[PDB]
Amino acid sequence: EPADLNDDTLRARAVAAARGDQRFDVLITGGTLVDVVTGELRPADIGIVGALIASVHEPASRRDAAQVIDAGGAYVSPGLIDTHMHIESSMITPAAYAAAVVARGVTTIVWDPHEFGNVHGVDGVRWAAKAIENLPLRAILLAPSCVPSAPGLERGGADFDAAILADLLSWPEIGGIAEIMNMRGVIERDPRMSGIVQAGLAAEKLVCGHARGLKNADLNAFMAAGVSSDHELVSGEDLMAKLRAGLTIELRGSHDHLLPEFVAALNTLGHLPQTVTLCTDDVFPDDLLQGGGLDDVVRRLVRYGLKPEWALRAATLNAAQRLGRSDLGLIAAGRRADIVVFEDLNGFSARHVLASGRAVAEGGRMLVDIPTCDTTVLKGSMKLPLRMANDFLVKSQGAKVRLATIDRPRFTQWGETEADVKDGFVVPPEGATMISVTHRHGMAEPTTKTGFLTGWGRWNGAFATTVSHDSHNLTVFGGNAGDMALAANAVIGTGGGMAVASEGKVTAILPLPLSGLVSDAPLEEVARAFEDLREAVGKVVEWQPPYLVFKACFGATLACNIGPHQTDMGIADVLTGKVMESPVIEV
Amino acid sequence: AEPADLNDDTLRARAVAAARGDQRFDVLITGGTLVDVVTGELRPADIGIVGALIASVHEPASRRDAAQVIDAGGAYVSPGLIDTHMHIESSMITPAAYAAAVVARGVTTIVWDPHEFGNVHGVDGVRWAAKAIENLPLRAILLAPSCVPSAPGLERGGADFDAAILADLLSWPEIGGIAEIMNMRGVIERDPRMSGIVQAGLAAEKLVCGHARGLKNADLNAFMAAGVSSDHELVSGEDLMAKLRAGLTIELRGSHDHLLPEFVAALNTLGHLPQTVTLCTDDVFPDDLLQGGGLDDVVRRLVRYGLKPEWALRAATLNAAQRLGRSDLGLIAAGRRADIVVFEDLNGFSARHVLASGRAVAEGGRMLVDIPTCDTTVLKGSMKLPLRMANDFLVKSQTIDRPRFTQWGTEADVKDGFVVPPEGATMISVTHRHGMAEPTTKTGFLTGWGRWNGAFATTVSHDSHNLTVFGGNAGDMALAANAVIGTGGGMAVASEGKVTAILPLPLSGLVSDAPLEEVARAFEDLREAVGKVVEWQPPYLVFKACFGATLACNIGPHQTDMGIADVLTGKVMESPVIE
Ligand SMILES: [Fe+3]
Ligand SMILES: [Fe+3]
Ligand SMILES: [Fe+3]
Ligand SMILES: [Fe+3]
Ligand SMILES: [Fe+3]
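This entry, as listed in the PDB, derives from X-ray crystallography and reports a resolution of 2.63 Å.

(A) Region of the structure containing the overall build of chain A. Looking only at helices and strands, chain A has 15 helices and 31 strands in total. Relative to its length of 587 residues, chain A is compact, with a C-alpha radius of gyration of 25 Å against a globular reference of 25 Å. Judged by the C-alpha coordinates and their principal axes, chain A covers about 90 × 50 × 45 Å. Buried positions account for 64% of the 587 residues belonging to chain A. In chain A, the proportion of contacts linking residues at least 24 apart, taken out of those at least 6 apart, comes to 68%.

(B) Just the overall build of chain B, in detail. For chain B, the count of helices and strands is 15 helices and 29 strands. Summed over all atoms, the accessible surface of chain B reaches about 20,400 Å², with 51% contributed by carbon and sulfur. Positive and negative side-chain charges of chain B, numbering 49 and 70 respectively, have mean locations separated by a distance of 2 Å.

(C) Structural context of the coordination of the iron ion (ligand 2). Residue and element names in this part refer to chain A. At 2.2 to 2.4 Å from the iron ion (ligand 2) lie its protein donor atoms, namely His 84 (NE2), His 86 (NE2), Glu 179 (OE) and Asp 281 (OD). Between consecutive donor residues of the iron ion (ligand 2), the sequence gaps follow H-x1-H-x92-E-x101-D. The metal-metal distance between the iron ion (ligand 2) and the iron ion (ligand 1) is 3.9 Å, with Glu 179 coordinating both. One end of the pair, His 86, is in the loop between β8 (80–85) and α2 (94–102); the other, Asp 281, is in the loop between β15 (276–279) and α11 (285–290), and 195 residues separate them in sequence. Each member of the pair, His 86 as well as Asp 281, carries the same accessibility label: buried.

(D) Up close: the interface of chain A and chain B. With 54 residues of chain A in contact, the opposing surface of chain B contributes 52 residues. Where chain A abuts chain B, roughly 4,200 Å² becomes buried across the two surfaces, and 52% of that area is made up of carbon and sulfur atoms. Ranking the residues of chain A by area buried against chain B places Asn 220, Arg 244 and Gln 274 of chain A at the top, with a combined share of 15%. Taken together, the connections running from chain A to chain B amount to five salt bridges. A salt bridge links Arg 190 of chain B to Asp 8 of chain A; the nearest nitrogen and oxygen atoms lie 3.1 Å apart. The interface formed by chain A and chain B includes 17 residue pairs in polar contact.

(E) Summary view of the sheet that holds strand β12 (residues 207–210) of chain B. All names here are of chain B. Strand order in the open sheet formed by five strands is β8-β9-β10-β11-β12, with parallel pairing between adjacent strands. In this open sheet, the two edge strands, each paired with only one partner strand, are β8 (81–86) and β12. The sheet shows a mean angle of 25° between the axes of neighbouring strands, taken without regard to direction. Pairing between strand β9 (residues 107–112) and strand β10 (residues 139–144): four bridges, direction parallel. Across the sheet, the residue bridging to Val 111 is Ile 141, located in β10. Where helix α2 (residues 95–103) meets the sheet, its contacts fall on β8 and β9, and the angle it forms with β9 comes to roughly 135°.

(F) Examining the coordination of the iron ion (ligand 3) more closely. Taken together, the protein ligands of the iron ion (ligand 3) are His 114 of chain A (NE2), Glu 115 of chain A (OE), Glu 115 of chain A (OE), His 469 of chain A (ND1) and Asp 470 of chain A (OD), with distances of 2.0 to 2.5 Å. In terms of primary sequence, the donors binding the iron ion (ligand 3) are separated according to H-E-x353-H-D.

(G) Up close: helix α4 (residues 122–132) of chain A. Residue and element names in this part refer to chain A. Judged by how many residues are buried, α4 sits mostly within the fold: eight of eleven residues are covered. All of the buried residues in α4 are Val 122, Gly 124, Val 125, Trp 127, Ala 128, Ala 129, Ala 131 and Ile 132. Looking at the packing, one finds that the buried side of α4 touches α2, β9 (106–111), α3 (114–120), β10 (138–143) and α5 (162–170).

(H) Seen up close, the domain arrangement of chain A. Residues and elements named next belong to chain A. What the domain assignment reports for chain A is domain 1 (1–78 + 325–362), domain 2 (79–324) and domain 3 (394–587). Once you take the C-alpha centre of each, domain 1 and domain 2 turn out to be 28 Å apart. Tallying the contact residues gives 31 residues for domain 1 and 25 residues for domain 2. Between domain 1 and domain 2 the total buried area reaches about 2,100 Å² when both faces are included, carbon and sulfur atoms providing 63% of it. Broken down residue by residue, the surface that domain 1 buries against domain 2 is led by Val 36, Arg 325 and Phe 348, which jointly contribute 28%. Inspection of the region where domain 1 meets domain 2 yields two salt bridges. Of the charged contacts in the structure, one is a salt bridge between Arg 138 and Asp 338, with a shortest N-O distance of 2.7 Å. Linking domain 1 to domain 2 there are ten residue pairs in polar contact. Secondary-structure elements contributing two or more residues to the side of domain 1 that touches domain 2 are β7 (75–78), β16 (339–342), β17 (350–355) and β18 (358–362).

(I) Broad picture of the nonpolar core. Counting residues in hydrophobic clusters, the biggest one holds 303 residues, and the most contacted among them are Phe 463 of chain A together with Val 299, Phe 456 and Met 491 of chain B. Leaving out residues up to four positions away in the same chain, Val 299 of chain B has contacts with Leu 81, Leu 279, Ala 312, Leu 313, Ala 316 and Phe 349 of chain B. Listed in part, the 25 residues of the second largest apolar core include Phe 392, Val 421, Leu 474 and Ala 499 of chain A.

(J) Here's a closer look at the domain arrangement of chain B. Residues and elements named next belong to chain B. Here chain B is described as being made up of domain 1 (1–79 + 326–363), domain 2 (80–325) and domain 3 (395–579). Domain 1 and domain 2 are separated by 28 Å when their C-alpha centres are compared. Counting from both sides, the interface comprises 30 residues of domain 1 and, opposite them, 25 residues of domain 2. Buried surface at the junction of domain 1 and domain 2, both sides included, amounts to about 2,100 Å², of which 61% is carbon and sulfur. For domain 1, the biggest contributors to the area lost against domain 2 are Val 37, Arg 326 and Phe 349; these three give 29% of the whole. Put simply, domain 1 and domain 2 have two salt bridges between them. Salt-bridge contacts for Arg 139 lead to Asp 339; the nearest nitrogen and oxygen are separated by 2.9 Å. Across the contact surface, domain 1 and domain 2 share eleven residue pairs in polar contact.

(K) Here's a closer look at the pairing of β18 of chain A. Residues and elements named next belong to chain A. One ladder, built from four bridges, connects β17 with β18; its direction is antiparallel. Within β18, the position partnered with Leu 354 by the bridge is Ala 359. From the end of β17 to the start of β18, which pair antiparallel, there are two residues, and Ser 356 there has a positive phi angle of about 70°. Sheet topology places β18 next to strand β19 (residues 365–366); two bridges connect them, and they run antiparallel. From the neighbouring strand, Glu 362 faces β19, where its bridge partner is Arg 365. Here β18 folds back onto β19, and the loop between the two strands holds two residues, one of which, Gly 363, carries a positive phi near 50°.

(L) Seen up close, the side chain of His 86 of chain A. All names here are of chain A. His 86 sits in the buried class, given a relative accessible area of 2%. Of the polar contacts made by the side chain of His 86, one reaches the side chain of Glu 179; its length is 3.1 Å. Discounting residues that sit within four places of it in the chain, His 86 has contacts with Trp 111, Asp 112, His 114, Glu 115, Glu 179, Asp 281 and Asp 282.

(M) Inspection of the environment of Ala 432 of chain A at higher detail. By secondary structure assignment, the location of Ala 432 of chain A is in the loop between β21 (413–420) and β22 (433–438). For the pair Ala 432 of chain A and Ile 196 of chain A, spaced 236 residues apart in the sequence, the C-alpha separation amounts to 40 Å.

(N) Seen up close, the side chain of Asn 473 of chain A. All names here are of chain A. Of note, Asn 473 is situated in the loop between β24 (462–465) and β25 (474–478). Of the residues examined, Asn 473 reaches a relative accessible area of 4% and is grouped as buried. Polar side-chain contacts of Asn 473 include one of 3.1 Å to the side chain of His 441. Residue contacts for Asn 473: discarding those within four places in its chain leaves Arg 155, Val 437, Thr 438, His 439, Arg 440, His 441, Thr 465, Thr 466, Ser 468 and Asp 568.

(O) Structural detail: unusual backbone geometry. Cis geometry is found at the peptide bond from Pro 545 of chain A to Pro 546 of chain A, where omega equals -25°. Note that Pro 546 of chain A resides in the loop between α15 (523–538) and β28 (564–567). The step from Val 148 of chain B to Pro 149 of chain B runs through a cis peptide bond, and the omega angle for that step is 10°. Of note in the backbone geometry, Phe 348 of chain A takes a positive phi value of approximately 45° without being a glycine. Along the chain, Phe 348 of chain A falls in the loop between β16 and β17. For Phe 348 of chain A, a relative accessible area of 2% translates into the label buried.

Rules behind the numbers
- Residues numbered from 1 in each chain as written, not as in the entry; some residues may be left out.
- Chains lettered and ligands numbered in written order.
- Heavy atoms only, no water.
- Helix = DSSP H or I, 4+ residues; strand = E, 2+ residues; numbered from the N terminus.
- Rg over C-alpha atoms; globule rule 2.2 N^0.38 Å.
- Buried < 20%, exposed > 50% of the residue type's maximum accessible area, 1.4 Å probe, protein only.
- Contact = heavy atoms within 4.5 Å.
- Areas by Shrake-Rupley, 256 points an atom, 1.4 Å probe, with all protein chains shown as cover.
- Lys, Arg positive; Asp, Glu negative; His and termini not counted.
- Charge placed at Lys NZ, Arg CZ, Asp CG, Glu CD.
- Donors = N, O, S within 2.8 Å, 3.2 Å for Na, K, Ca; no water.
- Buried area = accessible area lost by both parts, 1.4 Å probe.
- Salt bridge = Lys/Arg side-chain N within 4 Å of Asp/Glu carboxyl O.
- Polar contact = N/O pair within 3.5 Å; in protein donor to acceptor, adjacent residues only side chain to side chain.
- Pairing = 2+ DSSP bridges.
- Axes fitted to C-alpha atoms, helices over the stretch in contact; angles between N-to-C directions.
- Domains from an automatic or database assignment.
- Core = buried A, V, L, I, M, F, W, Y, C linked by side-chain atoms within 4.5 Å.

Right under this line is the structure:
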C-alpha cells in the first residue's frame, strides 16, 4: 500500500468512472459530507471504484453503480485513525478487537504491541504482524522501544538492543518506533536509548514519544534527540506547552476528566492545530464494550463541547499527515475509500462502514468475517511452580528489623519503619500491604520478591495479576500470605490472568491464557468478568481516589518510574540504578 | 544527503547536550517574538542552534551559552519561507542570481518546475537545473517537467518527453516529483502518453502536481482520480473554494496580483486557514523579483490585502512542509533544520536575518556568503535559424479572435500574390527555432488586439519558446525578429523602421547572465517601449499576454510553429486561407 491503488487498470477505470463514461462500484447517496479540510457540513455523494474514491460530486447527479449505500439522514466521514494504542490492554486477541472497532467507524490503528513484546520478544511482535495481516482493520505496528523498561532493574521475557530495534524497523509493516518511556535515558544520552533513536532515524520512520513530566529544557532535549510525539498530557497548560513545542499530539481518552480542559484550551485557541491527533492508548474490556475505541474519543470530545468538525479532523486528516499516508484520512477523489457514515455528530452511531471500498459493518454489526489466528505460541506463558504460603513472607534473622517501605500510590518514595520478627519471617508491619513479585517468564529464578507498601489502605485479602506494566510478571497485593496464594495460584494455573482472594475463598477470576495478558473469549465475556473482578477487589480494600484506585494495581512494577518500585528483582529505583535485594535495612 | 544530514550521531548527541544545558549552542537567536505556526500565537522565545539543528526553543533570556548570538529584539522570528511551485526562468536570471534575490528575503526553499529549460534542451536542461542548484544556499527541490511539449503534434519545442523519460527523471534523488501536469484534457481521457507519465508518478512514490485551469466538477474529480493532487491556476474565490473542497493541495500564487483580494475574502469568510493551502510564486518577471518580489512578496501582499500574518506565515512554511513530506522544515521546533528568517515586523516582512542550515547567510537584505555560479555553456546558441524578412510575415493566396480566452473568425484581399491584412487585427508569427523542423514562419491573425504601430518579438513564449512576433506590418516584425535572433534570444520592440528596445536573452533565449538590476531595468524599459506601439486595454489585454499566446495545452485555438491549432479538435490548420 498505497501501491495497491496505483494499479493502472483500476486507475484508468477510476478516471473513466469519474468522467461518467463508466459506472462506479459504489455510490454513497444523500449524506452530509463532513468536509475535514474546510470544516463545512455539506451535501454530496461519493463514487468509489475498487479501493479508490473516484468521485466526490453534486448530490443526486448520478445513479450508475454496482451498489448504492444509503446515507440520507446522516454524515459522511473519512474512517477514524487511532494514532496510539495497545490491543493488549483490552484483553482480547486482535481479531476480537477489530470486530469491536471496525463496526464503529475505526478503519486504521497504530498499535505498539510492547506488551506482547516484553512477554515473547520479537516472537511476540511477529505474532501481531501475523495476527493483523488479513484483517479489515489496517494496523500499522510500531516497534516496542524499551524492552524491558529499565535494564538491570527487572527481567521480563525479552530484551531489545539497537540492533533488534534496526531489525524491526526494517519490516514493511512497522511504521516507526513506539513510545520511548525511558525519557531520562534519551535525555542524558544513554547509549542503548540513543542507538535505538539513531536507528529510528536511519530508517526515516516515526519516532514516538512518551513525555510525562517533561518541561522546558528536558522537553527540548527529547525532541532534539529526534522524538516527535506525545500522549502524556496532564493538563491544559500541559497541552499548550507541548503544542507550542511542535510535538505531534496524541490526545487520548484514558483520562476522561482532562478532556474538558483540553476542549477549553483548544476553544480558547480558536482553531484546531494541524498537529493534533486522537488516540485511545489503553482501554479496558468494559470500556471498549460500553463506550468504544477511537470512536468514543470523538464522542466524548463532542460531549465536552469540542466542535465535531475538529474532533473528526483530528481523528482523520491530521492522523493521515502524521503517518505520511496521504491515501487516508480525507473524502476526496484519488484517496482511499475508508469511509464511515454517522447517524449524527452527537452519538456517532455507525450506520455503515467501508475499508478499501468494501462494505464492512452495517448498523453496528460486521458484514464480513474476521480471520482468527493461531493463538498457540501465546500459551504456556506461566513458567513457575504453584506458589506456597511462605513465598509471600520475608524470612529475616533478628527478632526486630528495620524495613525499607514503598510509601505512596503512584508518587513513590522511600520510607521505613521498625518491625517485628518471629520464625525466620518478618511480621507484616501495621498499615502495610505486601507487594510480592515473581519472575514468571522462565528467563530467571522463580523467586517471590516481597516488599512493603504504604498508602494503600487495609487489605481484607489479596489481588494477583500477570498484567503488570511493562514486564507483566506475576504481581500480588495483599494483607495476608494465605489469601496471596489462593490468589496467585488461581492465576498461574489458568495460564495468567487476574484473581481476587478474600478470607480463604477466591472471589473472582478473569483468566488470560494468552501471554497472561489477553484471552480468547468473546469480549462480552471479558468485560463481564473484568466488571466482576473489580467488584471482588472493591470488597477487599477501600479505594480512596484518585491515586489509590484499582488501575494502580497494574502499575506498580513499572521500573522506569522515578521512585522506588518493587520488581521481580528487588526494589528498583531508577535514580540510584541499584536494586534493593532485601526490604530489611538492618538487624 | 537530506535529511540524513540531520541524523548523524555525533551531531544529535551534541544537539541534545546543548538542549540539556551541558554544552553551549553553536548560535543563539534572542529577544525575538517567535511566530508559532502551530498555535498561531505570537510568542517570545529564544532559540538555540547546533549545526543544522534547531536544538532548543526556550524561555527568553534563560540561556546565554552560545558562540555567535544573533540578535532579534523588536523583531519576529520565523521558519524560512518555501515556494511550492515556481519557474526561475520567468525571472530571466541564473539560478544563482535568483537565489541571491530570495535568500536575502528569507526564502530558504523553492520548488522549481524547470520545464522551460526543459522544452528548450530536454534532459540536458533539467540536467543543468540540477548541476546548478547543487551548492546554492537556497534548497530547490526539482520537479520533472511533465509535458514537453504540451500539445504534442500540435507544436514543436526542443524536446519531447514520453513516459520512459519521466520515469528516468523520477529516480534522480534531486527530484521530488512530477511538475505541473497541464495537458489536462489528455489526463481526463486517459490518453496513453499522459497516463504513462502519471503512472510513473505514482510508481515513483513522489508528488504529482497539477495545472487545473478550468476543470470543474467531473473533470476535476477525474483529474484527481488519476492522482494529481495540487494546482495553482485559480480564477476566482469560488475556484479557491471548490478546489479546497475537492481536497487539492493549493499552490496559492502571487503572480495574478488582481485576485488576491478574492482569496483573502473567502479564506477570512470560511474562518480558518486550511492545512492544504500553501504559497507560491509561479512566474515573477525580473523587475517584480527586484522591486517586490520573491515568495516573501506573496506573504507580504496577501497580508496587505488582509489575511492575518499568522495564516500567511503558516502557509508559506508549515503547510508547504507537510505538502513536501518534510518534517525537517517549516517549523521552529527542537529537532528540525534551522532554516529561520527574522523579520523586522509583520507588515514590511523585512528580513533582518536569514539562517540556512546552521548558517547565517544574509543580514539586512544583503547576502553574507558567496553563492557559487555555474557554467552556462550548455545554454548557448539555442537560436537556430536564418534571418527573417517581411516575406515571412505575409501569407500567399491563389482566424483568431480574442486574447487570454480564445475563439474564431472573415475578409480581405490579395494585392500582388500575398494577402493584404484585414483591419481591427494584429498578426502573429511563430517560427520553430530549435532546429527539428523547417524554420518556417507560421503567420496567423488576432483581433481584440489594439492597433500596432510596429511589433513585438520574444523568444519567451510558453511552452515551446519558439520565436514569436505580433505586429502591424511586416518590416517591424522582421526587425524585431532579427534583433532577437541576433542576440541569440531575447525580446525586442519595433516601430517605423526602427528598433526601440532590445532585451538580449543569450542563455536558452530565456535568461540573461547579467546582474538582476540590469535585467530588470532592461525589462521596465522593454515595457515602456511596447507601451508606445499599442494601447494595453485591460482586463486581460496586457503585455504579459505576449508571452501567453502560444501555450497550446489550453482551451481555444492558438497559432504555433505548425499553424492554427485546437486541442478540442485534436487538429491544426496550416494556412487560414478559405478560398
Ligand atoms: Fe505512555
Ligand atoms: Fe501507551
Ligand atoms: Fe504497557
Ligand atoms: Fe507554473
Ligand atoms: Fe512555461
